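Engineer: part one of the complex, left exactly where it sits:
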Amino acid sequence: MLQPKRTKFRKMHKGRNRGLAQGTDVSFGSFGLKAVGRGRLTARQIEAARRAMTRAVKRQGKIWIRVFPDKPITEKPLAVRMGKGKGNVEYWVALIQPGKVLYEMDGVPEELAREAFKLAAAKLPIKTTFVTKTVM
């Protein structure tokens, strides 16, 4: 929903490397933004994605984007490599190809959400199953 790359509340560890695979989802609201093409949101992106999902029309409509981070990173200044890794301060959500955005409101959204896609990290179609018989 939001990102604020709100930390997962606090710490409890902060390590692990990476590894991606396959997406796992459908829809919840009405309009959607399918992922496709592996990658990882800078989290800071989700903020940029949302901050842009409302310019002309008021905050009207229920925007619900649904992807949750949890993934500290960490980097190193201009130093050698004691292989520890300083703080994280980045947070790159793992995103393989799920797809998550919701614009609970009747309208044209395509040209609306795509207005924010360029902010995203990679390419991502739309597709919107207003409803449900796809999956029991």
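Structural biologist: In hand now; what should we look at? Numbers count the residues shown, from 1 in each chain, chains lettered A, B, ... in the order given.
Engineer: make sure residue A:116 is indeed in a helix.
Structural biologist: Yes - counting by DSSP: H, G, I helix; E, B strand; the rest coil, residue A:116 is found in a helix.
Engineer: which ones are touching it?
Structural biologist: A:48, A:49, A:50, A:52, A:53 (CB atoms under 8 Å, 6 or more residues apart in numbering). All C-beta spots, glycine's among them, are computed from the backbone N, C-alpha and C.
Engineer: next one: residue A:14
Structural biologist: Going by CB under 8 Å, 6+ apart, the list of residues near residue A:14 reads A:72, A:74, A:88.
Engineer: do that again at 7 Å, thanks
Structural biologist: A:72, A:88 (CB atoms under 7 Å, 6 or more residues apart in numbering).
Engineer: now do residue A:124
Structural biologist: Neighbour list for residue A:124: A:33, A:34, A:35, A:36, A:117 [criterion: CB under 7 Å, 6+ apart].
Engineer: what's the helix or strand for it?
Structural biologist: Counting by DSSP states H and E, no helix or strand carries residue A:124.
Engineer: again, but for residue A:112
Structural biologist: helix A:110-117.
Engineer: return the distance of that helix from the chain's centre.
Structural biologist: Taking CA atoms, centre = their mean, to the nearest Å, one finds the center of helix A:110-117 at 14 Å from the center of the full chain.
Engineer: got the CA positions of it in CSV?
Structural biologist: What follows is helix A:110-117, C-alpha atoms only, in CSV (Å, rounded to 0.1, in the frame of the first residue of the first chain):
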residue,chain,number,x,y,z
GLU,A,110,-4.3,3.1,-17.9
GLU,A,111,-3.1,6.5,-19.1
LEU,A,112,-3.2,7.4,-15.4
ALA,A,113,-1.0,4.7,-13.8
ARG,A,114,1.3,4.6,-16.8
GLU,A,115,1.9,8.2,-16.0
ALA,A,116,3.8,6.8,-13.0
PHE,A,117,5.3,3.7,-14.6
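Engineer: my read is that residue A:125 contacts residue A:32, right?
Structural biologist: No - counting by CB atoms under 7 Å, residue A:125 stays clear of residue A:32, with 9.3 Å between them.
Engineer: for residue A:95, grab the count of nearby residues.
Structural biologist: 24 (other CB atoms under 10 Å).
Engineer: ok, back up a step: list the buried residues for the helix holding residue A:112?
Structural biologist: By 16 or more other CB atoms under 10 Å, the buried positions in helix A:110-117 come out as A:112, A:113, A:116, A:117.
Engineer: ok, the second one - contacts?
Structural biologist: For residue A:113, the contact set (CB under 7 Å, 6+ apart) comprises A:31, A:33, A:53, A:101, A:103, A:126.
Engineer: now the second one. Nearest residue, chain neighbours left out?
Structural biologist: Meaning residue A:33. Distance criterion CB to CB, 6 or more residues apart in numbering; nearest residue to residue A:33, sequence neighbours excluded, is residue A:101 at 3.8 Å.
Engineer: here's chain B, add it to the model above:
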Amino acid sequence: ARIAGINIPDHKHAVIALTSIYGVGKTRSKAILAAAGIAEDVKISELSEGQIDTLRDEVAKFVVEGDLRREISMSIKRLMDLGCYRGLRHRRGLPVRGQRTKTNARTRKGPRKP
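Structural biologist: To build on what is shown above, here is chain B added in:
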């Protein structure tokens, strides 16, 4: 020395030790000192004839000690002699105000009779 007779409240604040009298309370013993000038922070001793005795003046306005109780015991009986529920309960040591005499009423009824 005892103001309203008997009991000499000594070595304590005025009002606080004034209530010693079997008739006045935290408020009453207080309301009297005002029109008496006598402060509360002053121990009865600290006072003088024109201080401690003066208190014994504006005290004859209210009823106190012995007869106060008697005048009440009788007044009580006045309404209690009548076959009213209150009396019928007053002469049995049962709550006449509005408590559950069916249980929990030690101080009311009296000791336990198992």
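Engineer: let's see the contacts of residue A:14 again after adding chain B.
Structural biologist: Neighbouring residues of residue A:14 by CB atoms under 7 Å, 6 or more residues apart in numbering or on different chains: A:72, A:88.
Engineer: all helices for chain A, in order.
Structural biologist: A:44-51, A:110-117 (DSSP state H).
Engineer: got the angle between the helix holding residue A:112 and helix A:44-51?
Structural biologist: With axes from the mean of the first three to the mean of the last three CA atoms, to 10 degrees applied, the angle from helix A:110-117 to helix A:44-51 works out at 150 degrees.
Engineer: any buried residues in the biggest helix by length in chain B, and which?
Structural biologist: Assignment by DSSP H gives helix B:65-80 as the longest helix of chain B. Neighbour-count burial for helix B:65-80 flags residue B:80 (criterion: 16 or more other CB atoms under 10 Å in any protein chain shown).
Engineer: which outside residues touch it?
Structural biologist: B:4, B:5, B:22, B:23, B:63, B:86, B:87, B:90, B:91.
Engineer: do stretch A:128-136 as well
Structural biologist: Contacts for stretch A:128-136 (CB under 7 Å, 6+ apart): A:26, A:27, A:30, A:31, A:32.
Engineer: right, and the helix or strand after the longest helix of chain B?
Structural biologist: Per DSSP H and E, the helix or strand that comes after helix B:65-80 is helix B:85-90.
Engineer: residue contacts, residue B:7?
Structural biologist: residue B:20.
Engineer: quick check: the gap between it and residue A:116.
Structural biologist: Residue B:7 sits 89 Å away from residue A:116, going by CB to CB, to the nearest Å.
Engineer: next: residue A:29.
Structural biologist: Taken as CB to CB, the span from residue A:29 to residue A:116 is 16 Å.
Engineer: residue B:20 contacts residue B:11, doesn't it?
Structural biologist: No - under the criterion of CB under 7 Å, residue B:20 makes no contact with residue B:11, lying 11.6 Å away.
Engineer: thinking again about what came up before, inside strands: which ones of the contacts of stretch A:128-136?
Structural biologist: The members of the contacts of stretch A:128-136 all map outside strands under DSSP state E.
Engineer: and those, which is closest to residue B:30?
Structural biologist: residue A:30 (74.3 Å; CB to CB).
Engineer: for the closest residue to residue B:18 other than its chain neighbours, give its distance to residue B:15.
Structural biologist: With CB to CB, 6 or more residues apart in numbering or on different chains as the criterion, residue B:18 has its nearest non-adjacent residue at 3.5 Å, and that residue is residue B:29. Residue B:29 sits at a distance of 5 Å from residue B:15 (criterion: CB to CB).
Engineer: kindly report the same for residue B:49.
Structural biologist: Residue B:49 is 20 Å from residue B:15, by CB to CB.
Engineer: okay, those two: which has more neighbours?
Structural biologist: residue B:15 (23 against 7; other CB atoms under 10 Å in any protein chain shown).
Engineer: here's chain C, drop it on:
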Amino acid sequence: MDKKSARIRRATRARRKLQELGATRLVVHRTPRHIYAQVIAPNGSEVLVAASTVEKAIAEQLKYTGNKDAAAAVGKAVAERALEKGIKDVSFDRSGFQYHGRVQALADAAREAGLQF
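Structural biologist: Below is chain C, added to the chains above:
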């Protein structure tokens, strides 16, 4: 009892089946009215047994009155003598719950001429 639970030491020894295995038990029962007993091979052969009050024995309803060390004792006697074979084989009587009075009279009723410990 068993109502409130079963998660009690009452089952601790009943698992005599392990190690002791061959070790046979008596079980013995309370049930205010009777006492029961029965003796079977551990678990590998429940296809064994003894006798409870077994009404028919001398009369028809096992003509006995009482339940103290009097009736309780005979309550075992039958399983005992009737199971003469098993005695030296070392059985065991499993308290079930408590080892006092009724079950005692039942257990010891066997110790006399039977169940060599």
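Engineer: same question on the contacts of stretch A:128-136, but now with chain C added
Structural biologist: Residues from elsewhere that reach stretch A:128-136, judged by CB under 7 Å, 6+ apart: A:26, A:27, A:30, A:31, A:32.
Engineer: identify the bridge partners of residue A:63.
Structural biologist: residue A:103 (DSSP bridges).
Engineer: how many neighbours does the nearest residue to residue A:86 once chain neighbours are set aside have?
Structural biologist: Ranked by CB to CB, 6+ apart and with sequence neighbours excluded, the top spatial neighbour of residue A:86 is residue A:74, at 5.9 Å. By other CB under 10 Å, 13 other residues sit near residue A:74.
Engineer: and what of residue A:60?
Structural biologist: Neighbour number of residue A:60 under other CB under 10 Å is 10.
Engineer: now it: how far from residue A:112?
Structural biologist: 12 Å.
Engineer: likewise residue B:87?
Structural biologist: On the measure of CB to CB, residue B:87 and residue A:112 end up 86 Å apart.
Engineer: same check on residue B:37?
Structural biologist: From residue B:37 to residue A:112 the distance is 84 Å (CB to CB).
Engineer: ditto for residue A:7
Structural biologist: On the measure of CB to CB, residue A:7 and residue A:112 end up 30 Å apart.
Engineer: ok, residue C:58 next?
Structural biologist: Using CB to CB, residue C:58 is found at 100 Å from residue A:112.
Engineer: residue C:89: neighbour count?
Structural biologist: 14.
Engineer: give me the distance between the two termini of stretch C:50-70.
Structural biologist: 20 Å (CA to CA, to the nearest Å).
Engineer: gap between it and the chain center?
Structural biologist: Counting by CA atoms, centre = their mean, stretch C:50-70 comes out at 14 Å from the chain centroid.
Engineer: buried ones in it?
Structural biologist: Quick answer for stretch C:50-70 (16+ other CB under 10 Å): C:50, C:51, C:52, C:53, C:57, C:62, C:67.
Engineer: cool, stretch C:93-113 as well?
Structural biologist: Under the neighbour-count criterion of 16+ other CB under 10 Å, stretch C:93-113 has C:93, C:94, C:95, C:96, C:102, C:103, C:104, C:105, C:106, C:107, C:109, C:110 buried.
Engineer: and what of stretch A:25-38?
Structural biologist: A:27, A:29, A:30, A:31, A:32, A:33, A:34, A:35, A:36.
Engineer: nearest to residue C:17 among the residues you listed?
Structural biologist: residue A:27 (58.1 Å).
Engineer: next, count neighbours for the closest residue to the closest one other than its chain neighbours.
Structural biologist: Nearest residue to residue A:27, sequence neighbours excluded (CB to CB, 6+ apart): residue A:129, at 5.2 Å. By other CB under 10 Å, 13 other residues sit near residue A:129.
Engineer: and the residue of chain A positioned farthest from its centre, how far from residue A:87?
Structural biologist: Centroid-distance maximum for chain A: residue A:80 at 33.0 Å, with CA atoms, centre = their mean. According to CB to CB, residue A:80 stands 18 Å off from residue A:87.
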